[PDB]
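In: Sharing the initial chains of the complex here, in place:
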Amino acid sequence: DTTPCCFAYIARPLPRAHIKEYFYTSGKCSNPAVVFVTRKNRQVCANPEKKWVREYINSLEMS
Amino acid sequence: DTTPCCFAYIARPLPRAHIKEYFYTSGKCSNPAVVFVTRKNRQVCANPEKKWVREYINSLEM
Amino acid sequence: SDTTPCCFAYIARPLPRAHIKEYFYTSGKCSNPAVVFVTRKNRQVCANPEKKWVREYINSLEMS
Amino acid sequence: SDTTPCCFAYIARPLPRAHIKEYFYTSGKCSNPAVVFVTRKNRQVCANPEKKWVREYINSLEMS
Amino acid sequence: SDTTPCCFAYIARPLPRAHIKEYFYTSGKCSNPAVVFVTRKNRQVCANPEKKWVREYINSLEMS
Amino acid sequence: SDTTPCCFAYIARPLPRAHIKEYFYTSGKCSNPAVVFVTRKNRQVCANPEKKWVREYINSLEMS
Amino acid sequence: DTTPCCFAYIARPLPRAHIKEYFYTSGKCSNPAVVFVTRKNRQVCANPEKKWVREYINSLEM
Amino acid sequence: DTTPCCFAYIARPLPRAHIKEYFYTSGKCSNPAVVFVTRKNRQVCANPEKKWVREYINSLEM
Amino acid sequence: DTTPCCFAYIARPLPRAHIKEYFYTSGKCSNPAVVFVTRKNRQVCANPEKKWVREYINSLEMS
Amino acid sequence: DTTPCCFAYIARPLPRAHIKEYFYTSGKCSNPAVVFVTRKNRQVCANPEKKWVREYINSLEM
């Protein structure tokens, strides 16, 4: 199939009450990034090295 | 095949009974914005930083 | 087209409903915010969002 | 062409339908709202929207 | 040219059709509603809408 | 120039066509409808519409 | 050549300082009228029955 | 033929250096008016009752 | 036919080498204006009260 | 019907072999601009203050 990637990152932090899923971009991707999924399946990318992203990652996985 | 964005924002808040879905503008464009799509598949963009836009964003998922 | 159409003039009498097929909004960078109706034979008509019949047509067209 | 045509004079007798090719509305910035018909040979004739024959022609022409 | 032509005199004998090139209506601001024919050599002639030959000429020129 | 020229007299002999430059009709308010031809040196000559030679000149001048 | 006639009468009285000459319509005309001609040799029609027209007629010949 | 008239009057007086000739509207039309013609044969309507129109007429005729 | 009018005035002066003819708006119009027509029959509106408009009027008709 | 306008100006000059016609935006417009139309009726906006637009204006009418 298709190996999706993302080359553009959103600027302001996304609301947490809407995030439904969390995963990583593939290793074959040019830029490593984080992909959030909304309650109604909207995907948006973000930069892993930034501070807000890691806190969202830990809060999603600690449940 | 093309990454749409918006560089002009609507002024008066759009009615809620018409909003069907919403998504975000691309990061590579100059201005980040929110795009709503109505029941008749007409797209209109708006500014995320204002209150009614965030209220519409929050209202759809619950 | 590098042109962003706009409208600076509002119609006076309400347009008949049996002809309206579509509707959309003017750009935000426009001088005057307005609503644009499109009839069954692709005729363009301008209207004022603040007026009552405009809200009635907007609500009636979207309830398909 | 940045010219806004308008109407200050209305026709008296209703024009036959076999000649009407298209119709549209005057601009909103116009002094008098009116309807403009265009014939098969692109001759324009003006008419008053408030009259019954004008709305009847609008409804009959816009459908099919 | 800000001049409003009108018609105050009607022809008596039916006009030959092979000469008519265009046709139009008088303005609404006119005293008497009338129809104006123009020949190939730009001669303007007035005509009576109520008569049969005028309506027949109008319909035959606008359909064929 | 608020005068309406007219014609009350008809010529007898047909005028040569190589001299005719233009032609038009008398006004409707006139007592006798007539045709007026104009020569190369802007001399006016009157003629009777009901006779055949007048229609012959009318038809011959209009096809150029 | 052509026998001019007149079927329309002017409404406002014409200024006297402009009138240069005058003549009458032909007898075969539908409506009898008076024809004045100004300094720029343009002819204008007038009604014989009114007083100002006959006074102008009398003033031009004297 | 066609009998021209005038049903709309201009507001600002037209410059004088352009007027070449002038004549009058027909009597049978609803509003009597004055018609000026410029050097490039453009026709413009005017009000006979106004002062500047009569002044232009007098300047052209004398 | 149709009785044209004009409700919008141009800002920058139009080049003179292209103007072919000129006329005035009708008296029945809401705002009196001047209309120029170019060599390719394009019509443009202008404000009579400005100096360049009347100067163009004088330059085209007095030649 | 609709009064088009322009809020964005093109950067690189358009090829002339494609230019078909040109006109101006309405006066009530937010930004005065020049509008070119190509051989297949593609609309392009342009900046009045630069010379290349004036060159196209001069070239199309001559």
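Out: Sure, I can see it. Numbering: from 1, shown residues only, chains lettered A, B, ... in the order given.

In: Verify the assumption that residue A:44 is located in a helix.
Out: No. Membership of residue A:44 in a helix is not supported by DSSP: H, G, I helix; E, B strand; the rest coil, which gives strand.

In: Contacts only, for it.
Out: Taking Cβ atoms under 8 Å, 6 or more residues apart in numbering or on different chains as the criterion, residue A:44 is in contact with A:10, A:14, A:35-36, A:38, B:24. Backbone N, C-alpha and C define where each C-beta goes, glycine included.

In: Recalculate using a threshold of 7 Å.
Out: By Cβ atoms under 7 Å, 6 or more residues apart in numbering or on different chains, residue A:44 lies in contact with A:10, A:14, A:36, B:24.

In: cool, and residue A:16?
Out: With contacts defined as Cβ under 7 Å, 6+ apart, residue A:16 is in contact with residue A:56.

In: Next, give phi and psi for it.
Out: Dihedral pair for residue A:16: phi -80, psi -30, per degrees, to the nearest 10.

In: in stretch A:7-15, what's buried?
Out: By neighbour count on 16 or more other Cβ atoms under 10 Å in any protein chain shown, the buried set for stretch A:7-15 is A:9-10, A:14.

In: Also, this goes in as chain K:
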Amino acid sequence: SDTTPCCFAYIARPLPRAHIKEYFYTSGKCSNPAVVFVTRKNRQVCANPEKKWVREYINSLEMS
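Out: Adding chain K to what we have so far:
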């Protein structure tokens, strides 16, 4: 969705044409340009644009 799909793996055997429904390109900003086919039941399979069989599909799908 703010995700830009691309292709990092190419299929080897040419796909049958009777199943292909649409075709398009990967985005330019990804590292490797590729061709994307979509089957009638919306299964997407990637292919190499520089290959010979791909060009035949490229020309054949949109033309008639």
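
In: so, the buried residues of stretch A:7-15 revisited with chain K in the model?
Out: Of the residues in stretch A:7-15, those buried under the neighbour-count criterion (16+ other Cβ under 10 Å) are A:7-10, A:14.

In: try stretch A:45-63
Out: Neighbour-count burial for stretch A:45-63, counted by 16+ other Cβ under 10 Å, picks out A:45-46, A:53, A:56-57.

In: Which members of the buried residues of stretch A:7-15 additionally contact chain K?
Out: A:7-8, A:10 (Cβ under 7 Å from any Cβ of the partner chain).

In: quick check, nearest of those to chain B?
Out: residue A:8 (3.1 Å; Cβ to the nearest Cβ).

In: Skipping its backbone neighbours, what lies nearest the closest one in space?
Out: The shortest distance from residue A:8 to any residue other than its chain neighbours is 3.1 Å, reached at residue B:27 (Cβ to Cβ, 6 or more residues apart in numbering or on different chains).

In: ok, residue A:1 - how many residues close by?
Out: Other residues near residue A:1 number 11, with proximity taken as other Cβ atoms under 10 Å in any protein chain shown.

In: I'd like to know how far it sits from chain G.
Out: Applying Cβ to the nearest Cβ, to the nearest Å, one obtains 89 Å for the distance of residue A:1 from chain G.

In: and chain L on top of that:
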Amino acid sequence: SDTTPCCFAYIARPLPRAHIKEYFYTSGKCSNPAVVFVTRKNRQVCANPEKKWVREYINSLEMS
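Out: Placed with the earlier chains, chain L looks like this:
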């Protein structure tokens, strides 16, 4: 349709000419000016104006 499309990625390999149907430019408000080609079945592709390949296709297509 209050959406302003743009393009931020350019294709690498030259496109076949027999498939291009129309062409236009990105808006001036765009971050990067680009040219947009459309295929026979409405597939959109981006390209860089400063290179020769874009002018070759643009000039050859407009010669119609």
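
In: Please re-evaluate the buried residues of stretch A:7-15 in the presence of chain L.
Out: Within stretch A:7-15, the residues that qualify as buried by neighbour count (16+ other Cβ under 10 Å) are A:7-10, A:14.

In: okay, it in CSV with CA atoms only?
Out: Provided in CSV are the C-alpha atoms of stretch A:7-15 (Å, rounded to 0.1, in the frame of the first residue of the first chain):
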residue,chain,number,x,y,z
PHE,A,7,6.4,17.3,6.2
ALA,A,8,4.5,20.2,7.8
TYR,A,9,3.9,20.6,11.6
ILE,A,10,1.1,22.5,13.3
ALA,A,11,2.0,25.5,15.4
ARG,A,12,-0.4,25.8,18.3
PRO,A,13,-0.9,22.9,20.6
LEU,A,14,-4.0,20.8,19.9
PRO,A,15,-6.8,20.4,22.5
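
In: Whether it contacts chain L - can you check?
Out: No. Between stretch A:7-15 and chain L, judged by Cβ under 7 Å from any Cβ, nothing touches; the nearest distance is 7.8 Å.

In: now that stretch, how far from the centre of its chain.
Out: The chain centre lies 9 Å from the centre of stretch A:7-15; the measure is Cα atoms, centre = their mean, to the nearest Å.

In: Give me the residues contacting that stretch.
Out: When contacts are defined by Cβ under 7 Å, 6+ apart, stretch A:7-15 is touched by residues A:31, A:33, A:36, A:44-47, A:52, B:24, B:26-28, B:32, B:48, B:57-58, K:2, K:4, K:29.
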